[PDB]
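Worth knowing before you read on, the calculation uses all heavy atoms, side chains too, and leaves out hydrogens, waters and symmetry mates. Proteins come first, then strands; the chains are lettered A, B, ... in the order of their sequence lines, and each starts at number 1. Whatever order the structure lists them in is the order used to number ligands and atoms, beginning at 1.
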Amino acid sequence: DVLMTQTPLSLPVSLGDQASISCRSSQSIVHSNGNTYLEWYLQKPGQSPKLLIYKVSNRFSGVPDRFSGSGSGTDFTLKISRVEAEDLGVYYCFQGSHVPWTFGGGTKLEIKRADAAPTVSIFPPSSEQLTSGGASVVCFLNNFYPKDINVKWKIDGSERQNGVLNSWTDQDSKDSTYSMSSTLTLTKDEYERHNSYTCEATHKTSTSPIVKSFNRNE
Amino acid sequence: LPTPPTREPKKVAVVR
Amino acid sequence: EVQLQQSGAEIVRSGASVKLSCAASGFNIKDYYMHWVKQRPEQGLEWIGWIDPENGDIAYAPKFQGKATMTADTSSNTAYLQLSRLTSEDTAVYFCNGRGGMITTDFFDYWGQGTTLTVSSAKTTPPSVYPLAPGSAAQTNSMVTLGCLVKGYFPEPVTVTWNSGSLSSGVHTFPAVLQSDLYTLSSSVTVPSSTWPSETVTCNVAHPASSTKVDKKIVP
Ligand code: NA
Ligand code: NA
Ligand code: NA
Ligand code: NA
């Protein structure tokens, strides 16, 4: 299939600033008929994609003139002048020249804000869960920016990597932060075999990890 | 004359 | 108001078939070409096929030849996508898109809202709901964070509120993840440390598929 690749993957921008997104096809997407069916879409969370640009450079109805599409052959660009809040979401390119028609992998246009360290909270398994033979340890890493973060679980001071599941919110519409949950799921027997449980978060806001810990025997 | 799929919008006649 | 309306979410066992629908209101699908698109979080957007409802001309992406069957019924202004021999890699959101109504150079482009398909042999299972309270050697700051763990349910979704809706600010509910063929999620709420545990905080969890509603008090 003709591969459509977009860069960058993620584009933090301040409102009012310009943004430019690139799309490259692995071979020419000029159609036999002379047209180049390169389209751009914006998809907001929970919504369908919406057409912005068709045939490289033509704005669909209702699309403001701050969006402009350009390019030719195998190299294309979407430019947004004066980014507004309503422009935030994931942008996809698409070629409809050669079957199978294919989409780019997307570029997330995201709003900048001041750096913010996560608030880290660790939660031991509830007595209720220990009753039934499971033990999930939960760590929340709330309200941080930028999105790049690393989370490490340690059990008696040693890193644990199996049985860990992470989940991320979308950027908050009010304060533009991210939040994350990390859950370590153990057998009750495994849980009761160790004493110390630690969630460690590494974020650009400090060289030092944020460490939150508890001891099972307390 | 086989008919390929298209990204062109489908045409409709005028609505008086 | 003018829109394409897609059928509701489907849960189906592997090896079965499903038929999704997309109905136009405010326009005539005889005036549009229809396209179907698949979306998954990790693999992204994929084009399935194209159909001219008026005369039944069809084309499929190679990967959906044999998987997908597109039809349309102009009398009911509806297009359909049948998916056969279902597997887990068919679990996705499916979108229809109509493009047409072009008299000269202007045209209309409409998308359905999407239909979620989940391919699984899991049984409808209510969640186990567990309180998340900070450790007994944890000193309360200005704010305190509490949570609720909602584990081992099927299918999606659940809804989570705090204090029966009275606690709405400072709440995050994280997306579900699969764990052992069931779903798990947590929700967190942050309140002033002066207000807890002196005033009570409860999470309210609802799972419509199992008609289950559960309230869990958060205690130290
Ligand atoms: Na900027
Ligand atoms: Na070690
Ligand atoms: Na994970
Ligand atoms: Na199955």
Original post:
Is the Na ion (ligand 4) under 3.0 Å from any N, O or S atom of C:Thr87?
Top reply: no
Subject >> Residue pair A:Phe123, A:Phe140: steps toward the ring pair (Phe, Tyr, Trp, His ring centres under 6.0 Å) verdict >> reply: CA-CA 9 Å; A:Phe123 303 96; A:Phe140 293 143; 5.2 Å; yes
Original post:
What protein N, O or S atoms come within a distance below 3.0 Å of the Na ion (ligand 1), ordered by chain and number?
Top reply: A:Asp17 OD2
**OP:** Starting from the C-alpha separation in whole Å, work towards a yes-or-no answer on ring pair (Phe, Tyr, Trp, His ring centres under 6.0 Å) for C:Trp36 and C:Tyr60.
**Re:** CA-CA 10 Å; C:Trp36 290 85; C:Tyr60 301 97; over 10 Å; no
Original post:
Which residue pairs pass the ring pair (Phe, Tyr, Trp, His ring centres under 6.0 Å) test with at least one member in residues 144-188 of chain A, sequence neighbours excluded?
Top reply: A:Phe144-A:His203
Original post:
With distance as the sole criterion, is a donor-acceptor pair present between the side chains of A:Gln18 and A:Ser20 under 3.5 Å?
Top reply: yes
**OP:** Consider only side-chain N and O atoms of A:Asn150 and A:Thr202, and report whether a donor and an acceptor are under 3.5 Å apart.
**Re:** no
Subject >> Proximity of A:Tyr197 and A:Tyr191 rings by center, below 6.0 Å >> reply: yes
